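Protein chains in written order, with our numbering: chain A, 6 to 52; chain B, 5 to 149; chain C, 1025 to 1171; chain D, 355 to 398.
Structure first, then comments.
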Amino acid sequence: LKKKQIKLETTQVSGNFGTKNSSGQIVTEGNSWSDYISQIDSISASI
Amino acid sequence: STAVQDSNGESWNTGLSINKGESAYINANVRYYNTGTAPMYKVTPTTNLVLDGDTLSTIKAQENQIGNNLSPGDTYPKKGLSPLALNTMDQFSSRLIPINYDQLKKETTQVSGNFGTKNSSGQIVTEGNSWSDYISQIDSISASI
Amino acid sequence: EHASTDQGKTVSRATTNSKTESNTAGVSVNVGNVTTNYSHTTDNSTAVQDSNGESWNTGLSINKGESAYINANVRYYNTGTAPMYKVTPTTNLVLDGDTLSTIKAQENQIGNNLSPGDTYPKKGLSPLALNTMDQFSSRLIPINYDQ
Amino acid sequence: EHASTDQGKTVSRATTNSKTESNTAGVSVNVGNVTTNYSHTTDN
C-alpha cells in the first residue's frame, strides 16, 4: 500500500459469436471465439 | 484534613497478533509455454509447490489463471506481456495459498486441456475434447525426442 | 496457534494539594505545680508526582478443536493391466486405531491419467500435496487438542 | 474449547516532589506564669 502504465494488462478475452440454428434465429450459446482464434493468427497476418 | 488530588495520564500500546497456521498468503507469477505440435485450448496446469522436500499445496488453477488458447511455440501470457498471477488455491478463487509459522522463516504435473474438431460443418468445437484421454495411449506406443 | 505481543509506554503526571488543620490540647502536672497548654497548627502542602511506565505482554490462544491443519505428500501407483483416467482415491487416515477423517481428493490432488506401471506424479517429480478435506479445496484437515 | 495464556512484564518509574508549609501556634500556662509560642516549618 506504500506504493508508463503497467497496471492495466489484458490477456485473452473469451466471448461468443452468432449463427443460425434452424431458421432466421440467432444463437450465441456454444460459439466461443476462443476456438478459432489460435487457428487464424498462424494462417494470417496482422495489419 | 482536606486534601485534593487531580491526576492525568496518557497511555500508548502497540499490538501484534499472528496466526501460526495462516501466517502468510502466497501469490505466484507464472508463464505457460508449449513446445509440441498441437495447440491446447482451455489450459489448466496442476502445480506442485515444494519448499524443502515437502509440498506446500497443489493448485489446479481456476478460471482466473486459466489459458484460453496456446499455439505451439507461443506462451501464456503471450510474448509481449508480463507473467500472470496464480493467487489462490481452491475452485472459486477466494482463498490465497497459506504456509506454516515455521515455514515463513524459509513443479508441473498434468496439464488438462482440450483440442478442436468439426461437428457438422466447417464449425470447430472444443467442448468434450480432453487431451488427457489420448495422452496415456501415445507415450506407450511412441518415443520422446 | 494464535500468538500475540502487546507492549506500550505509559506516562502519568499527578499533582496534589493539601491543607491540614491541627488543634491540640495538653494537660501536665509537676508533683513534689500544674501546667496546661493547647496548640494550633495550619499546614498547606503542595505535592507533585510524575510516573511513567512501560508494559510488555506475550499472548497465546489455541483451539482445542482445530488445533492443527494436516497436509499430506502422496504418490499414486498402478500395478494392473489397464490405464485409469481421472484418478480419485479415498484415503483412510488412522492415528492410533481411530480415523482422523477420510478424503475423497478433489480436482487439485486428482490424477488425469495413469499408465500401468507408471506413477502420479510420474517418475521424475516429487510427491503431490493432499492439503484439504471437503469438495472445494478450502479447509485443511483438522485434529483434536489431545491428538 | 478455546484456551489462552497471557503473561507480561511491567516496569514503572515514578518520582514525586513535595513542599509542605507549616505554621503552628501554641499557648501554655504554668499555674502555682504564662508562655506562648508559634513555629514555622518549611519542608521540601
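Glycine included, C-beta positions come from ideal geometry on N, C-alpha and C.
**Item:** Own chain residues within Cβ distance below 7 Å of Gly117/B, not counting five before or after
**Value:** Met44, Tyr45, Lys46, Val47, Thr48, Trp135
**Message:** Assuming contact is defined by CB atoms lying nearer than 8 Å, are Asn52/B and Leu1154/C in contact in what I supplied?
**Reply:** no
**Prompt:** Does the Cβ of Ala65/B have 16 or more other Cβ atoms within 10 Å, making it buried, or fewer, making it exposed?
**Reply:** buried
**Request:** Could you work out which residue in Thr1066/C, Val1035/C, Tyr1101/C is closest to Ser1042/C when comparing CA atoms only?
**Result:** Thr1066/C
**Prompt:** Can you tell me whether DSSP reads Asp1074/C as helix, strand or coil?
**Reply:** strand
**Request:** Could you tell me which residues DSSP puts in a beta bridge with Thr59/B?
**Result:** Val54/B
**Item:** Sufficient close CB pairs (3 or more, under 8 Å) joining the segment 30–39 of chain B to the segment 1088–1100 of chain C
**Value:** no
**Request:** Could you name the residues that DSSP lists as bridge partners for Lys25/A?
**Result:** Note: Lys25/A sits in no beta bridge, so no partner.
**Asked** Does any C-beta atom of chain C lie closer than 8 Å to the C-beta of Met44/B?
**Response** no
**Prompt:** If you draw a straight line from the alpha carbon of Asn123/B to that of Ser75/B, how long is it in whole angstroms?
**Reply:** 22 Å
**Asked** Going along chain C in order, which residues have a C-beta closer than 7 Å to the C-beta of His356/D?
**Response** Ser1085, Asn1087
**Prompt:** Is the shortest distance between the beta-carbon of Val388/D and the beta-carbons of chain C less than 8 Å?
**Reply:** no
**Request:** With 8 Å as the threshold, decide whether the Cβ of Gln10/A is near any Cβ in chain B.
**Result:** no
**Message:** Considering only the alpha carbon of each residue, which of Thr1156/C, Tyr1144/C, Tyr1101/C, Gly1104/C lies closest to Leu1124/C?
**Reply:** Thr1156/C
**Request:** At 9 Å on the CB atoms, spell out the chain C contacts of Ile63/B, in chain order.
**Result:** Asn1132, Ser1161
**Asked** Hey, out of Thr1070/C, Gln1031/C, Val1053/C, whose CA is closest to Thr1039/C's CA?
**Response** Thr1070/C
**Prompt:** Of all the CB atoms in chain B, is at least one closer than 8 Å to the CB of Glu14/A?
**Reply:** yes
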